[PDB]
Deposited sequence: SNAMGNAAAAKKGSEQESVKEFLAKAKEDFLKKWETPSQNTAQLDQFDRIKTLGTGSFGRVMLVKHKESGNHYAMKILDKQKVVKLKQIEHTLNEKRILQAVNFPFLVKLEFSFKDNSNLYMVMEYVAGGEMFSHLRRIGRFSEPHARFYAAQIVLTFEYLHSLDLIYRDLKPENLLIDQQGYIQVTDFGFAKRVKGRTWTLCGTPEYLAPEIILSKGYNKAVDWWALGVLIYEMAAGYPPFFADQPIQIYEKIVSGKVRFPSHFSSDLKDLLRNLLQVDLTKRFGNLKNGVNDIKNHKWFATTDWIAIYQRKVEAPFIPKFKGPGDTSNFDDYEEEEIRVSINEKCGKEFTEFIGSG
C-alpha cells in the first residue's frame, strides 16, 4: 500500500530525529512583541528575530512551576516530539533553549489565529467546512499514531489556521510516545475520553474520541458534553449519552456515534481496520485524502492578515515582565532540554 510505505518512511525519519536531542538560540536574539495566548505554566508570544527580521511564536515555560506541578516529563516530551515530527499540519519548531528561569520553544508563527475564535465568531461551521478541518486531523492522527505517539489535547484552541486556511496543530504539552496503555490524567475537560475519567488506562483511542467532540463542536457550535461544574461534564461523558442537533446530517450523526462510542470494542479508529473505518465512512465519501495532504484543496475560509507580525486574529492579553532569575533554577531537572 502507498500509505503503509509512506508511514514506514515517516517512522524512519522520526526515530532519527528522536535521538537528535540543544540550545539553538537565546532570549537575547528576539524582540518580544505581544502575547498570543496565556497558559498555566506561561505564555506564547509573538517575537521577532532582531537580526533576520523573521517573526516566530515563542512558548515560555517557567521551570519552577513545571517542577512544582510534576510536569517535567511532559515538558521534555513536548519539546522532543515537536522537534522530531514532520507533517504538513504540525507546527514547525525553529528554535528551543533554556535559561535560569524558563524553557523556550520558538515555533513558526501561524498568524491566522485559533480555530476557536473563528468558530465562536462564525457560530458554527458548515459540514463541508467542518469536514475540511477534520480530514486534516484524521491524517495527522494516522501519522502520529503510526509513530506510537498519542496527542491528548485536541480542541479548537490548539488548532491554528495558516495563511492558506489549513490547520497547524500546536500545544504538544501532553504528547507522549506510547506503545500500550498510559495512565496520566490530562487533556481538556470537555474533550476527555471516558477511559481517562474512569482511570482505566488508555491508548491512542482517546484521540479518536476527541476528534468526535471536535467534529461535533465545529458543526454544532458547542461541544456535546458541557456543564457548569466539571463533575457534571464527566458524568455526561461517562454516561454514553449524546444528543445531536436536528440540522446534523444522518451521515454526520452516524460517524459521531461511532467515534463517541464509550465502548472501546466499538469506537472507530480502534477497530481491526484502524483509521480506515473513519476514512471510508460515508460522511467522508467526497474527501480526496491525497489532495488534502498535498494541500491542493481550496480552503473554505482564509483569514486575513496585514503583513508579517500582524496579530489581529488573536485576542488581547494582559502583558507582563518576563521574570528571569540571576540564579539558575532546576538545572538538574532539565538537563535533557
*asked:* In sequence order, which parts of the deposited sequence are missing C-alpha coordinates?
replied: 1 to 16, 38, 355 to 358
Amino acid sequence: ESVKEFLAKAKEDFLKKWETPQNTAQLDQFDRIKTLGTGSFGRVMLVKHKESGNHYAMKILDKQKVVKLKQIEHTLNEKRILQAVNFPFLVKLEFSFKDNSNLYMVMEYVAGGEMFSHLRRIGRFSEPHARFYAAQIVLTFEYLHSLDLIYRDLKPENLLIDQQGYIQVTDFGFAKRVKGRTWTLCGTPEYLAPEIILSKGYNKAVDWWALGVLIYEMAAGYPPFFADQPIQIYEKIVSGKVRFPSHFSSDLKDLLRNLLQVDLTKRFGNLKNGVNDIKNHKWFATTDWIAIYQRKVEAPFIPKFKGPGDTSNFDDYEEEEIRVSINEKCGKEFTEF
From here on, numbers count along this sequence of modelled residues.
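Superpose the two forms; the largest set of C-alphas matching within 1.5 Å is the rigid core.
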*Rigid core fitted first, then name the stretch among 159 to 167 and 93 to 101 whose C-alphas deviate most from the displayed form in 5 other deposited structures of this protein.*
93 to 101
*Outlying stretch relative to shown form, 134 to 142 versus 75 to 83 in 5 other deposited structures of this protein, C-alpha RMS (core)*: 75 to 83
*Of the other PDB entries compared that resolve residues on either side of residue 64, does at least a third omit it?*
no
*Other entries modelling both neighbours but not residue 316, at least a third*: yes
*Decide which of the stretches 29 to 37 and 264 to 272 has the higher mean C-alpha B-factor, going by the entry.*
264 to 272
*For the higher mean C-alpha B factor in the entry, choose 235 to 243 or 120 to 128.*
235 to 243
_Among 282, 306, 49, 59 - the residue whose C-alpha B-factor is largest in the record_ = 306
*Out of 92, 155, 74, 253, residue topping the C-alpha B-factor column of the entry*: 74
*Taking the entry's C-alpha B-factors for this chain, is residue 69 in the lowest, middle or highest third?*
highest
*Ordered by C-alpha B-factor within the chain, which third holds residue 228? Give me lowest, middle or highest, please.*
highest
*Lowest, middle or highest third: where is residue 19 by C-alpha B factor in its chain?*
highest
*Lowest, middle or highest third of the chain for the C-alpha temperature factor of residue 78?*
lowest
*Where does residue 194 sit by CA temperature factor within its chain: lowest, middle or highest third?*
middle
